[PDB]
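K.L.:
heads up, no residue letters with this:
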Ligand SMILES: C[S@@+](CC[C@H](N)C(=O)[O-])C[C@H]1O[C@@H](n2cnc3c(N)ncnc32)[C@H](O)[C@@H]1O
Ligand SMILES: C[S@@+](CC[C@H](N)C(=O)[O-])C[C@H]1O[C@@H](n2cnc3c(N)ncnc32)[C@H](O)[C@@H]1O
Ligand SMILES: Nc1ncnc2c1ncn2[C@@H]1O[C@H](COP(=O)(O)O)[C@@H](O)[C@H]1O
Ligand SMILES: Nc1ncnc2c1ncn2[C@@H]1O[C@H](COP(=O)(O)O)[C@@H](O)[C@H]1O
Ligand SMILES: [Cl-]
Ligand SMILES: [Cl-]
Ligand SMILES: [Cl-]
């Protein structure tokens, strides 16, 4: 009888599915976690076009497992306590059409035995802290990596060191240390455990998909360090830029988080409303919240200029500078400038034409834009002290201009006629050269 | 200069690619491992239809990496010694068309950072024993699992405890303990290290493909325990049965290995030359060697009978027994019998028709086949002491037959007319019942 099986539970941790007579006894009601988990189930089931195979690690009394089988999922629940699995099976038998199996076993051994494709979604709620406590953080990171490797999505509720109990002392400094080796992760909620006032965060993690409520797609590779608060995911015709505003440990000062926030926000604003006369990459999706923000854009051909420079690849500096200057002059005509023209913000296509790819540093108002013209000289010099004729003649001409006349329209016009300009080395000069060489050091 | 870089190597472990003046100095010539690795490169490149991305872990002086880049591979080599990477890079620069990159780094951190699809083939030759020695066997198993998870194939040369040095003591009992958690593995050679007379085995490992020289295909799931010396891999229209004759530890006695060998051999012989009047599954590939044997067959629909029995699924015992008896009678007419008719050797399709799926126990000559008819009664009883009318009447009729008349043609004929046979419970009987009930216990 169910009555007996429930009584023999060491703890009624969860609601007993279909049996509200124990709801008052359950440590956690599970309705809040279930609301969120069913939303994510539906998103992923919609994306894949079918009901999911779900793995429930430390499934306890089966509530999540049965609740998803109720919606058509095929589920396997694992728990190392016989008493818990006895209840899960007795509940499944009351619901014979649910495709639900339960097994006694250890999460560590199950994860080692998993095969990729067997399960689409795994859930691990409030269980990994027990594995941390007995086996340490590094083994848990590897288990969670494998779990992500073999599924399409993982949902974790993770206990945290701020919880007031003795086992909190063995927890990592931040729960994100258990998952940050995985490719994609997002905080999706925080839940009251009824053990204390400290809530547990729930994360959605994937090694195969971008999972954003509006955009759910496989990616084939990703990157953290460009050229660690920013991650880039590459799919067939998209790049998803994912910025963390909220990072663990020291990592971001207040100012840096706000700048992550500012840049991504500014980039979204510009790209959703670009200026006429400028070909901006197209925007497929975007959003922001307290922890992070994201932007999914069309994927552009080419390589990042700084990589080409680092990997000593052959470059046409004329075509790169010409094309970039042309786009900068067109921006300026529409009252836009870019505050940070550097090799890692420039992409060069197969025909050696260049374009900006980060619009975080775009600005709309201001003497000016004289400073930006100055840095652009450094850019030029780093792209190559190092300027042969007629690049040097170009710069010398700019330097002879009154400063109120410095702007990107002028820079471009002089650049186009640089072969006609007088020879800098024939003049006393000589300072423009030394100031940028010191700048280009500085 | 290369001269200087080579001199500064703590050890010239490998041949210096393109520079035979150091071949006499190299600890290992590498030509034997390279012959085998290039063969496996070609097989996998042929299967995938393209040049491969290859990862070389602990790449030392770059010999394998450069030698594969020479054949069109794109390679990344990793080593934690700066001196080694300096030589690798200097060699790559002598061969500018090779797509070869090298990085200083630790194998543990690289594996954690890998993404699935980035590399098709990883090689790890004589390097993991260093990671075992510092981090232990369990962490190395997890690293190797992840390596297999993220690639299509892995080639490992593994040091072994029989090597006479002090670090041998930290090695596992058998090198297969580092890899047996991976889905597919095969010994492909054994190599002289020049440190001692003990050779190191080279394994080909995969978590995604069956990699047999004649048959190279993805699989989507696999299984060890049927219903651990036998593994089954399932692909789109095939099942590959892989039997180990050579197993680690105690696992197989001499007799058991020979029986693995005998069964698989016998199954290959039968299926490649099946008897007329019997629909045998078709054979796609097969082979045997000292360590193991394999058989790739067409994949049959249905479920294994023993699973259906265990998972209490609905079965039609009439249709199952009828169909099986019909095929057993047709075998017998061609002078073939099956020595081991049990639920785990029988597959039942959607229309409840049954067939044998393991032909290891097929035999061709012998009083006989009286023992087999007897077991078939146990089979019958386990499929349900437990026999209602008219199954009991069937068995009673058989038992009244002189023993020289017991055979599967008779069993089938009586089975088809069982509704007409006299009622066993009306007779003294009663023993046939008790002998099989004791047999069915026994
Ligand atoms: C605190 S409860 C969480 C239950 C459930 N996941 C939930 O959040 O509603 C932890 C559960 O995991 C199980 N468990 C703990 N460590 C385990 C392990 N190493 N393998 C399998 N089950 C484990 C316990 O038996 C218990 O049912
Ligand atoms: C015995 S040698 C084998 C070299 C090469 N794989 C071969 O078999 O021809 C081991 C190599 O691995 C490197 N190595 C050892 N442990 C390493 C680690 N943890 N990460 C990166 N490289 C490592 C050593 O620097 C050395 O080059
Ligand atoms: N729209 C895009 N299309 C292609 N690559 C991009 C795009 N946006 C960013 N990247 C790439 O993102 C990587 C590193 O991030 P980032 O700082 O954006 O350059 C570089 O390799 C860029 O080429
Ligand atoms: N030709 C085949 N087609 C489909 N399944 C097979 C075939 N051969 C073996 N199996 C399956 O292999 C699994 C376990 O191995 P076995 O002992 O061969 O039954 C069972 O689930 C069988 O259904
Ligand atoms: Cl946890
Ligand atoms: Cl580990
Ligand atoms: Cl090794």
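P.N.:
Noted; the coordinates are in hand. Numbering: from 1, shown residues only, chains lettered A, B, ... in the order given. Ligands and ions are numbered 1, 2, ... in the order given.
K.L.:
Just give me the neighbour total for the closest residue to ligand 7 within the stretch 1-150 of chain A.
P.N.:
Per CB to the ion, residue A:142 is where the stretch 1-150 of chain A lies closest to ligand 7, at 19.6 Å. (Each C-beta comes from the backbone N, C-alpha and C, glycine too.) For residue A:142, the tally of surrounding residues (other CB atoms under 10 Å in any protein chain shown) stands at 23.
K.L.:
Same check on residue A:255?
P.N.:
Neighbours around residue A:255, by other CB under 10 Å: 9.
K.L.:
can you pull the contacts of the spatially most central residue of chain A?
P.N.:
For chain A, the residue nearest the mean C-alpha position is residue A:242 (3.2 Å; CA atoms, centre = their mean). Residue A:242 makes contact with A:184, A:210, A:230, A:231, A:232, A:233, A:292, A:293, A:294 under the criterion CB atoms under 8 Å, 6 or more residues apart in numbering or on different chains.
K.L.:
Would you mind checking which of the residues you listed is nearest to ligand 2?
P.N.:
Ranked by distance to ligand 2 (CB to the nearest ligand atom), the contacts of residue A:242 are led by residue A:231 at 25.4 Å.
K.L.:
tell me which element the closest residue to residue A:401 other than its chain neighbours falls in.
P.N.:
Nearest non-adjacent residue to residue A:401, counting by CB to CB, 6 or more residues apart in numbering or on different chains: residue A:410, 6.8 Å away. Assigned by DSSP states H and E, residue A:410 belongs to helix A:408-416.
K.L.:
got the buried residues for that helix?
P.N.:
Burial within helix A:408-416, assessed by neighbour count using 16 or more other CB atoms under 10 Å in any protein chain shown, is assigned to A:408, A:410, A:411, A:412, A:414, A:415.
K.L.:
C-terminal to it, what's the next element?
P.N.:
Following helix A:408-416 in sequence, per DSSP H and E, is helix A:431-441.
K.L.:
which residues are contacting that following helix?
P.N.:
In contact with helix A:431-441 (CB under 8 Å, 6+ apart) are residues A:374-375, A:377-378, A:381-382, A:385, A:387, A:392, A:395-396, A:399, A:424.
K.L.:
Out of the residues you listed, which sit inside helices?
P.N.:
A:374, A:375, A:377, A:378, A:381, A:382, A:392, A:395, A:396, A:399 (DSSP state H).
K.L.:
Look up which residues are beta-bridged to whichever residue of the stretch 201-350 of chain A sits closest to chain B.
P.N.:
Residue nearest to chain B within the stretch 201-350 of chain A (CB to the nearest CB): residue A:221, separated by 5.6 Å. Beta-bridge pairing of residue A:221 under DSSP bridges involves residue A:234.
K.L.:
Next, the contact list for it, please.
P.N.:
Contacts of residue A:221 by CB under 8 Å, 6+ apart are A:233, A:234, B:115, B:117, B:118.
K.L.:
which residue packs closest to residue A:360, ignoring adjacent ones?
P.N.:
Using CB to CB, 6+ apart, the nearest residue to residue A:360 is residue A:263, at 2.9 Å.
K.L.:
Could you look up the SS state of that neighbour?
P.N.:
The three-state label given to residue A:263 by DSSP: H, G, I helix; E, B strand; the rest coil is helix.
K.L.:
is it true that it touches residue A:361?
P.N.:
Yes: contact criterion CB atoms under 8 Å: residue A:263 and residue A:361 qualify, at 7.0 Å.
K.L.:
Compare those two and say which is more crowded by neighbours.
P.N.:
residue A:263 (20 against 17).
K.L.:
Quick check: that one vs residue A:295, distance?
P.N.:
10 Å (CB to CB, to the nearest Å).
K.L.:
got it, and residue A:194?
P.N.:
In terms of CB to CB, residue A:194 sits 38 Å off from residue A:295.
K.L.:
got it, and residue A:206?
P.N.:
For residue A:206, the distance to residue A:295 - CB to CB - is 18 Å.
K.L.:
Nearest to ligand 1 within chain A, name that residue for me.
P.N.:
Of all residues in chain A, residue A:58 sits closest to ligand 1, at 2.7 Å by CB to the nearest ligand atom.
K.L.:
Could you report the distance from that residue to residue B:156?
P.N.:
33 Å.
K.L.:
Please list all residues in contact with the closest residue in space to residue A:329 that isn't next to it in sequence.
P.N.:
Among residues not flanking residue A:329 along the chain, residue A:412 sits closest, at 4.1 Å (CB to CB, 6+ apart). By CB under 8 Å, 6+ apart, the residues touching residue A:412 are A:325, A:326, A:328, A:329.
K.L.:
As JSON lines, those residues with secondary structure would be great.
P.N.:
Output for the contacts of residue A:412, formatted as JSON lines (three-state DSSP):
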{"residue": "A:325", "secondary structure": "helix"}
{"residue": "A:326", "secondary structure": "helix"}
{"residue": "A:328", "secondary structure": "helix"}
{"residue": "A:329", "secondary structure": "helix"}
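K.L.:
sorry, back to before: next one: phi and psi at the residue of the stretch 1-150 of chain A closest to ligand 7?
P.N.:
phi -70, psi -40 (degrees, to the nearest 10).
K.L.:
Could you double-check that it sits in contact with residue B:147?
P.N.:
No: applying CB under 8 Å, one finds residue A:142 not in contact with residue B:147, separated by 12.0 Å.
K.L.:
For these two, list the residues in contact with both.
P.N.:
By CB under 8 Å, 6+ apart, no residue touches both residue A:142 and residue B:147.
K.L.:
Contacts only, for the residue of the stretch 1-150 of chain A closest to ligand 7.
P.N.:
Here residue A:142 is in contact with B:112, B:139, B:142, B:143, B:146 (CB under 8 Å, 6+ apart).
K.L.:
and the first one, backbone torsions?
P.N.:
Which is residue B:112. phi -60, psi -30.
K.L.:
leaving aside the residues next to it on the chain, what's closest to it?
P.N.:
In space, residue B:112 is closest to residue A:181, 5.7 Å off (CB to CB, 6+ apart).
K.L.:
what sits against the one you found?
P.N.:
A:141, A:144, A:145, B:112, B:113.
K.L.:
Quick check on the residues you listed: which are buried?
P.N.:
Counted by 16+ other CB under 10 Å, these give A:141, A:144, A:145, B:112 as buried.
K.L.:
Format these as TSV; extra columns: secondary structure.
P.N.:
Below are the buried ones among the contacts of residue A:181 laid out as TSV (three-state DSSP):
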residue	secondary structure
A:141	helix
A:144	helix
A:145	helix
B:112	helix
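K.L.:
Closest one to ligand 2 out of those, please.
P.N.:
For those, the nearest to ligand 2 is residue B:112 (12.1 Å; CB to the nearest ligand atom).
K.L.:
any idea how far the closest one lies from residue A:208?
P.N.:
Taking CB to CB, one finds residue B:112 at 17 Å from residue A:208.
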